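Visitor: Have a look at the structure that comes next, please.
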Amino acid sequence: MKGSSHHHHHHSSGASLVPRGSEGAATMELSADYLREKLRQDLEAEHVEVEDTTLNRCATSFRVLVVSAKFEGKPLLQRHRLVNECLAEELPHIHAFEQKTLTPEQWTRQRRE
């Protein structure tokens, strides 16, 4: 049907063609280091550790760790919500995400694992 209108002309875009590299699976898109570095610089932490259960599988999960005082200044719930706000668009793509924020004193106090 063509009752409801919205766009008379065709969509357009702009992308220059230059030598460098082609596309792939997700070597650059969606990665542990991507979310790690992003959160680290975005949240500005001291020590961070990211992990993954190998994307090549039925189940996919990502683990992120952050240790600093910047989180202390903000409420407990604000900490977790902060990490979610950053990867808000990426979150939906993550089948399973798990983050944990703590202080440098607590971590250094008891860091067995």
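Simple scheme: letters A, B, ... for chains in structure tokens order, numbers from 1 for residues in each chain, numbers from 1 for ligands in the order shown.
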Which neighbours of stretch 83-88 of chain A fall inside 10 Å, counting only C-alpha atoms, when residues of the same chain fewer than 5 positions from it are skipped, and could you give them as a PyMOL selection string?
Guide: chain A and resi 35+38-40+42-43+64+78+93-94+97+99-101
Visitor: What does the distance between atom CA of residue A:105 and atom CA of residue A:77 come to in Å, to one decimal place?
Guide: 19.5 Å
Visitor: Check chain A with DSSP on the backbone and list each residue it calls strand (DSSP E or B), as a list in words.
Guide: residues 47, 48, 49, 50, 51, 52, 62, 63, 64, 65, 66, 67, 97, 98, 99, 100, 101 and 102 of chain A
